[PDB]
């Protein structure tokens, strides 16, 4: 029965891991997958996380199944982080949160939920966008359409093109927005633009779906969520797929959440019952460890203070590398101006390098980046900066 199965195509991002594995060369530079690296080029476990894991080791008395929607505390802490401690959405009980295996897991649950329980047929994603977005929604039988977003020539957000692109979006359509730190551009809408988009969305009858995987990496926890909050203030219904993989450094523990918002508690509870049905037939219930670590940290003043500082330290080291990257490129004799990357938020730099240049960097210099020209700044260190830039300058 498996005789004629075809070899699956490699994933443009996750597949870089395999190539890096095979590459036997010494000083390879991994600037692919978006994982944080410290000055040493290692991806350490946060101290706040180790302390939480210590706590769980001493106090956990059972591994009995969690409910289908996960740890209740995790859900509450997640909603406060997203909407604000005294949000009306929380007080009016208009939101329900399911703990999921990572933000990717949240996206799949949302997709299965939409495909089977609503009239939704199309999902609009930005151009360019995170490649797995199309893949996930397509697997659920939903078609994906793109809306203009990045201006490759001016390295900025083409708001006019965005609006015009979306005018082709019909009521009942889902429009996907990145909460902050747009992946891969790093360009986010200003608050004014978020507000304008919120109003337009309501009038056009779109169902907003936020992919929020980098809260805290743009400006701060609360600041990075003002766009989503602007939307939540005007919409009756919303869906948020969030992830703690990056802001907690819990990548492999698969910690995320899918939050559903409706007009009232009666409606959201009803809809949420179908989201739980979608989860039941997938993985049944979520993994406890990762989410337990997050809930423990967020609900403890001491641990929370330490975690917030570590998040601040991560954000600041990336910003340092970002400036050092541009300066070194100029220092090494860069062909063109790369100052526009200082304007991008998050772990990435949408460099503008062509597919061939990326291929050559890998082949001839052992420098690994995503074919789209996306480079992981968080993977840069004072030690690999020099050879990194010499290679780039060499392919311009």
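Residue numbers count along the first chain shown, from 1.
Taking only CA atoms, the mean B-factor in the PDB entry is higher for 334 to 342 than for the other of 334 to 342 and 361 to 369. The question of which stretch, 20 to 28 or 371 to 379, has the higher mean Cα B factor is settled in favour of 20 to 28. In the PDB entry, the Cα temperature factor peaks, among 152, 180, 298, 311, at 152. Of the candidates 90, 71, 174, 258, the PDB record gives 90 the highest C-alpha temperature factor.
Remark: residue 52 belongs to the lowest third of its chain, ranked by C-alpha B-factor as recorded. Remark: residue 215 belongs to the lowest third of its chain, ranked by C-alpha B-factor as recorded. Among the modelled residues of the chain, residue 325 sits in the highest third by CA temperature factor in this PDB entry. Split the chain's modelled residues into thirds by C-alpha temperature factor. Residue 84 is in the highest one. When the CA B factors of the chain's modelled residues are split into thirds, the value for residue 40 lands in the highest one.
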